[PDB]
Amino acid sequence: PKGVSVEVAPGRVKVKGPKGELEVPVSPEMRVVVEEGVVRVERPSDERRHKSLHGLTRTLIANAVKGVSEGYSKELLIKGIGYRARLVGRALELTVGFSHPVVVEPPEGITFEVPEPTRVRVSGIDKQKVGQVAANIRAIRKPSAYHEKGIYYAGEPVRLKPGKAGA
Amino acid sequence: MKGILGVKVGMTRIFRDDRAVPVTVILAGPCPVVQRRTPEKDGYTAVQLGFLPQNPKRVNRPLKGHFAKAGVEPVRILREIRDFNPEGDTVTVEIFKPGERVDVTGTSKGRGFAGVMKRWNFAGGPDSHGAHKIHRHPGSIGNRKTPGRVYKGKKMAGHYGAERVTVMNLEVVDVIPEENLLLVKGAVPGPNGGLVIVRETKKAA
Amino acid sequence: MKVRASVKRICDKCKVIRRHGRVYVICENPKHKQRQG
Amino acid sequence: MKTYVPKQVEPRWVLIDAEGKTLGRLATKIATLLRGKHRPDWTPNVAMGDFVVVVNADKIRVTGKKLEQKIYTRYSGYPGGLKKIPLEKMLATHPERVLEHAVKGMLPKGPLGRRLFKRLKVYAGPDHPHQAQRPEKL
RNA sequence: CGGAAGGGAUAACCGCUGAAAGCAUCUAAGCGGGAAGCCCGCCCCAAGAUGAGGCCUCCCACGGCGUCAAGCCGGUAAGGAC
RNA sequence: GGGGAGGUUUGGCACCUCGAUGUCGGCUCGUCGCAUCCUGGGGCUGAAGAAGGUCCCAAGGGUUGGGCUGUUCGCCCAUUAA
RNA sequence: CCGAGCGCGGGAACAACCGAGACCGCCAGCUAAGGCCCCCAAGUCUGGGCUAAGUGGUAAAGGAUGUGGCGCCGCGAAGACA
């Protein structure tokens, strides 16, 4: 962790790096402290709920460090027809077969980025905004439905038989 | 979030557009501002408006003739419009061009004791066949020995009429500020000669 | 088959979790979609 | 002999916190003081058990899941008129009413237990009207 | 003319991060979405809310008995009544 | 083939009321349940789409008018979001 | 046992369930059942072990990666489990 500058506190930890600032509120049931470079996660005992907490924690500040060290990739893709992915404005303006286009703002910690209106990437220093926002877009437009159409993260287009199934 | 006092005038039918309009007209009257209300000292936001100036000897005592601005009293007291705050002036109608639907709050005509038939609208029975006894009776109430009682607020043989009624949303047809008229789509509670206030409504956002 | 008083793992793809306080049956296949109902 | 009877002694005023305290055991003591039951000068039919002003009851603690799951019910006489509002929303809007009504179910009910519930002043602050003494407790 | 619009947490259900359990998982701490339902926002009663609230102005200090401590009484002031 | 739930069916028992508990249907006023008839949210599909199928969630509102029978019920009539 | 002990304490209430055979008086102590935060009188007594659902605060077969201790049975530094 070279581009880091951490900050321990009771509940949360207040972490800084080259990108933006980030904070992970950790359940204070073990205490983490900036040691050398990489931090240590030392539970005050050995119980179930504890094990959960310590592991969780570890991943929390883990995502915290790699985040400020630039880790923003929120890839997305559309496999429909005229389903375009225009980036006009700061907003993401898409037309996914619905009777009208769709307008997405880039809120805090996040920009978008459309390499081409056929596939859409989103910039963000936060693991929540990744999954959640990209989800919200794929929830703008459902995938496949038997055949193939819509929005997908980058997954598999499992199908349901065509000219049949309709008795 | 606006308002002004008034009184019930007509109900007619002005051939506006090419459509006839049942039109209540309301003499809004020059109702002067007086003792204001703030939430620091009262606990809300309102303005006091007296209606029509007719007050000399037979008024007596305090007056907001005191207030700081006077005007003595109307002839029939003043009322408070919530969410209101003008700009140090007296107000009549001009604050509403046509196209601005408003709720109209007024008293209602009184029907004294109302029969259940002409109150909650019941049948009464048959125009013969059975017994002439009931004929116009409120039928029966609750079940036998359980409930065991009667319902608090059961539609019953009681009073109806002398009540406060606020009607909602009516196109302000036009405003006559040269006098004191405010004509809107016909409705308005009470007699063709009783107090009635105007308040801006709630529709869009 | 959601909502049945018995719920299970049918093939070697169907695995049970706990969610909201009710027992849930998962499996990538949604035709096996079961819940403690 | 003939057991003794206290005159009109002085209604001692008191002060307790609120925060960090269980809903339960809190009122428990509180209440039991409205009755002169802490005092060696207790008499059943006379009501000389002190005043209880409380401060910051906005931040009372409670165990359980309570917070949400704890429902309070009010019945207005008109049928279908059983209202229930969780402790959850009783905190957000007028939170005193959860300390009040609690003691209110920890005294007797004879007319005085009422007059005595009056002998208690809840606030969710702290702050109050510094009337007199109110020397803190624990 | 009214239902509404719109605000807040939610039901079934669908999503994010995420350990316990190197994997995975809506969950155990953490979030987001989401019902004609739920608390509202509209309509009305309403301080006998004995807890009896608040706003604004209007009113004279024993008058003759109660000497202390609460009051009693025959007439006034703002008013109110018949 | 098993185990329950509910207490509206047909009933077992004979405890209150034999110095009286006016036993069927219709009318008027209703209300409470949810195991939902419609409306609203949805999962599963032998769900392309439309329509349907079953199961979850959910009482807020709504739950028409005539023929035949004392009729409750039920068949038909024209409608229905129902 | 109630009946004839609807006389007393418990069991919230409560003919027969627990305690218990009531000459009178006593502003005297022990104790039964049942209790000892409070309504209500007395331990928010000491110590160890559990449960996280209002379970406690009233149901089953039957289903489950709920939780915590016990017992067994193969796999692994020659390198297993994922």
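Residues numbered from 1 in each chain as written, not as in the entry; some residues may be left out. Chains lettered and ligands numbered in written order. Part of a larger assembly, values for the part shown. Heavy atoms only, no water.

Some details on the sheet that holds strand 10 (residues 172-176) of chain B
All names here are of chain B. On the basis of which strands lie adjacent, the open sheet formed by four strands has the order 2-3-11-10 and antiparallel pairing. At either margin of the open sheet sits one strand with a lone partner, and together these are strand 2 (7-9) and strand 10. Neighbouring strand axes in the sheet, compared pairwise and without regard to direction, differ in orientation by 25° on average. In the sheet, strand 10 pairs with strand 11 (residues 181-185) via four bridges, with the strands oriented antiparallel. What sits directly across from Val175, in strand 11, is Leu182. (Pairing = 2+ DSSP bridges. Helix = DSSP H or I, 4+ residues; strand = E, 2+ residues; numbered from the N terminus. Axes fitted to C-alpha atoms, helices over the stretch in contact; angles between N-to-C directions.)

Considering the packing of aromatic side chains
Inspection of the entire model under this criterion finds one aromatic pair over all chains. Centre to centre, the rings of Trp13 of chain D and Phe51 of chain D are 3.8 Å apart; their planes meet at 0°, and the pair counts as stacked. A residue pair is termed long-range when its members are at least 10 positions apart, and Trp13 of chain D in strand 1 (residues 13-16) and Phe51 of chain D in strand 2 (residues 51-54) qualify at 38 residues. According to the relative accessible area criterion, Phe51 of chain D is buried, its value standing at 15%. If you follow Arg138 of chain A out to its NZ or CZ, it ends over the ring of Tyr153 of chain A, 5.0 Å from the centre. (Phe/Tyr/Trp six-rings, centres within 6.5 Å; stacked < 30°, edge-to-face > 60°. Buried < 20%, exposed > 50% of the residue type's maximum accessible area, 1.4 Å probe, protein only. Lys NZ or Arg CZ within 6 Å of the ring centre and 35° of its normal.)

As for the arrangement of the chains
At no point do chain A and chain B touch; the closest pair of C-alpha atoms across them sits 21 Å apart. Contact between chain B and chain C is absent, and the minimum C-alpha spacing across the pair is 36 Å. (Contact = heavy atoms within 4.5 Å.)

As for the protein's contact with RNA strand G
Taken together, 22 residues sit near RNA strand G, with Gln36 of chain C together with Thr28, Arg35, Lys37 and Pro108 of chain D positioned nearest. Take the atoms of RNA strand G that sit within 4 Å of the protein: sugar and phosphate atoms are 63% of them. A distance of 2.7 Å is found between a base nitrogen of RNA strand G and a side-chain nitrogen or oxygen belonging to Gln36 of chain C. In this structure, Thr3 of chain D approaches RNA strand G through a side-chain N or O atom, which is 2.9 Å from a base oxygen. Only strand 1 (16-19) of chain C together with helix 1 (23-34) and helix 2 (66-69) of chain D provide two or more residues apiece to the surface near RNA strand G. Here the surface near RNA strand G gets three residues from one element, more than from any other, and that element is helix 1 of chain D. (Near = heavy atom within 4 Å. Polar contact = N/O pair within 3.5 Å; in protein donor to acceptor, adjacent residues only side chain to side chain.)

Examining the environment of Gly190 of chain B
All names here are of chain B. By the secondary structure assignment, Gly190 is in the loop between strand 11 and strand 12 (196-200). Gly190 gets classed as buried once you look at its relative accessible area, which sits at 8%. As for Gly190 and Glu163, which are separated by 27 residues in sequence, their C-alpha atoms are 9.3 Å apart. Beyond its immediate stretch of four places on either side in the chain, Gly190 contacts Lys8, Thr107, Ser108 and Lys109.

Some remarks on the state of the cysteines
All names here are of chain C. Using the criterion set out here, one finds one disulfide over all chains in the structure. Between the sulfur of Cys14 and that of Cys27 lies a disulfide, 2.0 Å long from S to S. What sets the handedness of the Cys14 and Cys27 disulfide is the S-S torsion sign, and at about -65° it is left-handed. Of this pair, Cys14 sits in the segment before strand 1 while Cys27 sits in the loop between strand 2 (22-25) and strand 3 (34-35), and the two are 13 residues apart along the sequence. Neither residue differs from the other here; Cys14 and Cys27 are each classed as buried. Residue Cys11 stays outside any disulfide, its sulfur separated by 3.4 Å from that of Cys14, the closest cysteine. Relative accessible area serves as the criterion here: at 29%, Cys11 is assigned to the partly exposed category. (Disulfide = S-S within 2.5 Å.)

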